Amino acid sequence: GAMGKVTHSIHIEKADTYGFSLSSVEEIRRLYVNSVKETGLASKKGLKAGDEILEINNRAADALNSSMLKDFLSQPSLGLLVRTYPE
C-alpha cells in the first residue's frame, strides 16, 4: 500500500457500550481511536485502533465540543467516518 488516504464509513447501533476508546489530542485538534474491544460492537463493524475520527453523525471532528462529543457517544446510534491505515 502507499500514502493515499483511505476513509471508512461506519454505522453502529446498540446498558451496552460501543466498545472502543477515543483520544482527543492537539499539535490542530484530532480524534483517534486508541483501542477497540475484541468481540465488541465497534470491532464487528471493522473499527481498528489507530483509525482517526474525521466526522461523527455528519459533523466535522474539529467542530465537535466535549459536550456534543459526550452527547453523541451516549446516544444509542453512532455514525463515524474514519481515516483508516493499511495494516
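We number the residues from 1 along the sequence you see.
Novice: Counting only other entries where the flanking residues are modelled, do a third or more lack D51?
Specialist: No.
Novice: Is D16 one of the residues left unmodelled in a third or more of the other entries compared?
Specialist: That residue is missing from at least a third of the other compared entries.
Novice: For the stretch from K70 to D71, please bin the deposited residues that the model skips: none, 1 to 3, 4 to 9, or 10 or more.
Specialist: Count of unmodelled residues in between: none.
Novice: Unmodelled stretch from the deposited sequence between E38 and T39, which bin: none, 1 to 3, 4 to 9, 10 or more?
Specialist: Gap between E38 and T39: none, chain continuous.
Novice: On average, which has the higher Cα B-factor in the deposited entry, 43 to 51 or 56 to 64?
Specialist: Result: 56 to 64.
Novice: Between 71 to 79 and 5 to 13, which has the higher average C-alpha B-factor in the PDB entry?
Specialist: Of 5 to 13 and 71 to 79, the stretch with the higher C-alpha B-factor average is 71 to 79.
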